[PDB]
Amino acid sequence: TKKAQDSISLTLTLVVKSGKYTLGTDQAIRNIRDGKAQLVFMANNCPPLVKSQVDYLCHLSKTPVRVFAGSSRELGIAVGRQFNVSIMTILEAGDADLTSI
RNA sequence: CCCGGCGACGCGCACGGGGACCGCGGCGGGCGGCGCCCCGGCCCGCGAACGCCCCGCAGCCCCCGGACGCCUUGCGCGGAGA
Ligand SMILES: [K+]
Ligand SMILES: [Mg+2]
C-alpha cells in the first residue's frame, strides 16, 4: 500500500528523466501494433470503447497493460504535466526498474 | 418493414460581411441666371429572374506529426492531439 505507491511514484519519475515514453492515445496505438511498448498505463476514467480497444491490441502483442489508480488529471500530475493524460506508454525504462507496476 | 432527416422555430448589448440607399471627385450631354464673381448652381448618365465557370471570412471535418503556444472588441481552444 503506502510502501507500494511510493515505488510506483518513484518509477514513474525515473522514466521521464532517463528513458523514452509518449503521452496520449494515438501515440499509444501506433507503438503497440509495432511492438515497441514495454508497458502501457491507463487512467481510471479512460473512455470505455477506447479502453476495450487498447486491451485487445495489447493481448495480441503481449504488451502488459495496467491501470493507474486515479483520474486522468492525476496521471498528468504524476508524470509532471498541466494537462490530462489518458494513456501513458513506456518505450524504454532507462533507470526505472518497472517491477513496481 | 424498421431507424432517422428536412419541414421546424425565444430574447439581448455588441462585433463582422453583403445588398439597397446616400454623399464627394472626375469625365460626357443638356439647362439657368448673370450689377460684380463664377472650370463654385441645377437635371440626366440605366442592367432583372434564370444557366454555366470561378472566388468565398467564420464554422465543422481529413492526412502527416507530437507540443511552454494559437487567438478575440469580448472570449475561447489544445495529449479525448495544439
Ligand atoms: K414551423
Ligand atoms: Mg412557427
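Numbered from 1 within each chain, the chains take letters A, B, ... in sequence-line order.
- Sugar pucker of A14(B) is north, as judged by a positive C1'-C2'-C3'-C4' dihedral.
- For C43(B) and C57(B), the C1' atoms lie 42 Å apart once the distance is rounded to whole Å.
- The separation between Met42(A) atom CE and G79(B) atom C1' is 16 Å, rounded to whole Å.
- Rounded to a whole angstrom, the distance from the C1' atom of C77(B) to that of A67(B) is 14 Å.
- Side-chain atoms of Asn31(A) never come within 3.5 Å of backbone atoms of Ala37(A) as a donor-acceptor pair (strictly under, hydrogens ignored).
- Sugar conformation at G29(B) is north: the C1'-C2'-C3'-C4' dihedral has a positive sign, consistent with the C3'-endo side.
- Stretches of at least 3 consecutive Watson-Crick or G-U wobble pairs, with each checked distance under 3.5 Å, appear in RNA chain B as B:27-31 with B:41-45.
- Linking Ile, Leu, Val, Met, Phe, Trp and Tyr residues whenever their side-chain heavy atoms come within less than 4.5 Å places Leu98(A) and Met88(A) in a single cluster.
- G76(B) sits 25 Å from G56(B) when the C1' atoms are compared, rounded to a whole Å.
- If you chain together hydrophobic residues whose side chains sit under 4.5 Å apart, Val16(A) and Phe41(A) fall into the same group.
- Looking only at distances, a side-chain donor or acceptor of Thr63(A) sits under 3.5 Å from a matching main-chain atom of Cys58(A).
- Because its glycosidic torsion is more than 90° from 0, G47(B) is reported here as anti.
- The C1'-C2'-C3'-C4' dihedral of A20(B) is positive. Its furanose therefore counts as north.
- Consecutive bases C75(B) and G76(B) are counted as stacked, their six-membered rings lying with centres under 5.5 Å apart and planes tilted under 30°.
- Nucleotides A49(B) and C63(B), compared at atom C1', are 44 Å apart to the nearest Å.
- Only the P atoms considered, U73(B) is 13 Å distant from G59(B), to the nearest whole Å.
- Atom P of nucleotide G79(B) and atom CG of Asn84(A) are separated by 8 Å, given to the nearest angstrom.
- Ranking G79(B), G65(B), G81(B) by closeness to the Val85(A) side chain, first place goes to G79(B).
- With a negative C1'-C2'-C3'-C4' torsion, the sugar ring of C68(B) falls in the south range.
- Distance check on atom P: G7(B) versus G66(B) gives 44 Å, rounded to whole Å.
- Closest approach of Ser86(A) and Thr25(A) over heavy atoms only: CB-OG1, 4.3 Å.
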Under 3.5 Å, N/O pairs linking protein and nucleotides 68-71 of chain B:
| residue | atom | partner | partner atom | Å |
| --- | --- | --- | --- | --- |
| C68(B) | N4 | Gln82(A) | OE1 | 3.0 |

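- As rounded to whole Å, 9 Å separates atom P of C63(B) from atom CG of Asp26(A).
- In this structure, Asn45(A) contributes its side chain and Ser72(A) its backbone to a donor-acceptor pair below 3.5 Å.
- If you chain together hydrophobic residues whose side chains sit under 4.5 Å apart, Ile101(A) and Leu75(A) fall into the same group.
- Judged by distance alone with a 3.5 Å cut-off, a donor-acceptor contact links the side chain of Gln27(A) to the base of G81(B).
- Both conditions, centre separation below 5.5 angstrom and plane angle below 30 degrees, do not jointly hold for the six-membered rings of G45(B) and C46(B).
- Between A67(B) and its strand neighbour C68(B) the base rings do not stack, failing centres under 5.5 Å or planes under 30°.
- Remark: side-chain polar atoms of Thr13(A) are paired, donor with acceptor, to backbone N or O of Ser9(A) under 3.5 angstrom.
- How far CG of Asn44(A) is from NZ of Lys51(A): 9.0 Å, rounded to the nearest 0.5 Å.
- Here the P atom of nucleotide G81(B) and the CD1 atom of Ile29(A) are 11 Å apart, to the nearest Å.
- South is the pucker class for the sugar of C39(B), given a negative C1'-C2'-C3'-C4' value.
- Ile32(A) and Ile87(A) fall within the same hydrophobic cluster, where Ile, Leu, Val, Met, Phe, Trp and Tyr residues are linked whenever their side-chain heavy atoms come under 4.5 Å apart, directly or through other members.
- To the nearest angstrom, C1' of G79(B) lies 14 Å from CG of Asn31(A).
- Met42(A) and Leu23(A) fall into different hydrophobic clusters, where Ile, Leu, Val, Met, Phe, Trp and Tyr side chains are chained together by heavy-atom contacts under 4.5 Å.
- Bases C6(B) and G7(B) qualify as stacked neighbours, criterion being ring centres under 5.5 Å and ring planes under 30°.
- For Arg30(A), taking side-chain heavy atoms from C-beta onward, the closest of the listed nucleotides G65(B), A80(B), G81(B) is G65(B).
- In this structure, CG of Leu75(A) is placed 10 Å from P of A80(B), rounded to the nearest angstrom.
- Look at the P atom in both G19(B) and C3(B): the space between them is 48 Å, to the nearest Å.
- OP1 or OP2 of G79(B) has not a single side-chain nitrogen or oxygen of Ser86(A) nearer than 4.0 Å.
- Of the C1' atoms belonging to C46(B) and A20(B), the separation is 16 Å, rounded to the nearest Å.
- Side-chain N/O atoms of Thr25(A) include none lying less than 4.0 angstrom from OP1 or OP2 on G79(B).
- Rounded to whole angstrom, the span from the CE atom of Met88(A) across to the P atom of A80(B) amounts to 13 Å.
- The nearest whole Å value for the distance from the OH atom in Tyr21(A) to the P atom in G79(B) is 16 Å.
- A stacking criterion of 5.5 Å and 30° is met by the six-membered base rings of adjacent nucleotides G25(B) and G26(B).
- Side-chain atoms of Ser52(A) come within 3.5 Å of backbone N or O of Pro48(A) as a donor-acceptor pair.
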